[PDB]
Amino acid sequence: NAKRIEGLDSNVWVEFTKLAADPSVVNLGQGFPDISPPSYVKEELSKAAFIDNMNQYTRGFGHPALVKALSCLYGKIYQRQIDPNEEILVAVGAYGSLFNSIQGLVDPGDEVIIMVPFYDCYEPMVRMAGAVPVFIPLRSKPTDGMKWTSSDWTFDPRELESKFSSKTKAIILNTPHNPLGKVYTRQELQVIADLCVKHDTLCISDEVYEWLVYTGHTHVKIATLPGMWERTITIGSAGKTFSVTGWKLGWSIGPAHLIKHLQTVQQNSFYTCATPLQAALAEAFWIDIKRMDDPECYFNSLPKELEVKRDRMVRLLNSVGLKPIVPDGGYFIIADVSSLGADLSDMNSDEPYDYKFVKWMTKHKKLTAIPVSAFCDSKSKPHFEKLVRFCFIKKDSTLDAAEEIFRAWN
């Protein structure tokens, strides 16, 4: 192995393969939608398949009709003109966008601030770049009494500030947050923005779940706050927006002077993304862009549908004594499992509690989930290891099977 990848060969997802290959297990762990994607998304891909040209090379930095649809949709959200060619880069998922961003912008010995828990890829991407991840946790605060929510988690602005130094190149922001479901507030973003401007750092903002925010909350884009446009890369994903995780297309949106460096990594790595997927996606966008104010727009109908499933899930977790944290956004929910005081007596590894719990739940109850300590750096693990993450982008019948397990639990 090359030095840049020393110790980066472990991967939580490669780790979690085994859990649910067993067909009789209900899998609420990985973010695999088993709802149907919209009919027209599948239709448009079939249509593109039969056009010879759409099966040949397209523009390296993104299919022209696609980046054009992206600049239209995001121009409305940002309330500014987005340049399709210079301010957008289409990459292989939000992963590939994150990869372009760190690879083109982050040097060895640079510091990168990461909020804990974090989508697991952030830490190894920062390391393969020779950079130093700097961790800060989200801490709970007292609850309103009736409900535990994502909004009861936040950061200490004084603690955040202390993480910023002359070596900080960037901070990574994930809102709506995976695994917590947190929708960052304008006040939180403002504290983040103040510091990035004051230290002259970048913000890389992972916003794949941007459409999935629930009543009481709103997606705010940090790159729309004063001084932030010039210093933010904001990332979206086809998989999340159209429920086609398997298309693996995302985009980075930001200023031309930053996006050019992302574009230089891409030209020198995989170069271009698939033409047929990008062609179909452009069409899907236009179909929904043109009804953005209608309920039937997929940007509106999916979170509306997911809010119902979310609520059903919180009731299911409650019925067995799991303390759910009701998410403001996204399609994951965390439950504290410690009030079950489960029977993990003879799992004798040095794994965190949540991993043992999940292995135990899979074997005994036939239900899998993801340990939140998978989204934590070594020192943070003991502070989050009683927490397990459940996925609810699932068809009713799947959540029915889940309900059968919760009803039979004792």
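Throughout, we count residues from 1 along the sequence that is shown.
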Quiz item: Hey, which bit's got the bigger mean C-alpha B factor in the entry, 127 to 135 or 318 to 326?
Solution: 318 to 326
Quiz item: Which has the higher mean CA temperature factor in the PDB entry, 237 to 245 or 138 to 146?
Solution: 138 to 146
Quiz prompt | Per the PDB entry, maximal CA B factor within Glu296, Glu188, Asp156, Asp110 | solution = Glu296
Quiz item: Highest Cα B-factor in the deposition, which of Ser71, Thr232, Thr272, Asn268?
Solution: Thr272
Quiz item: Taking the C-alpha B-factors as the PDB entry records them, is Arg310 in the lowest, middle or highest third of its chain?
Solution: middle
Quiz prompt | Within-chain third of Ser205 by Cα B-factor, per the entry | solution = lowest
Quiz item: Lowest, middle or highest third of the chain for the C-alpha temperature factor of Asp83?
Solution: lowest
Quiz prompt | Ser39, C-alpha B-factor rank within chain (lowest, middle or highest third) | solution = highest
Quiz item: Taking the entry's C-alpha B-factors for this chain, is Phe384 in the lowest, middle or highest third?
Solution: middle
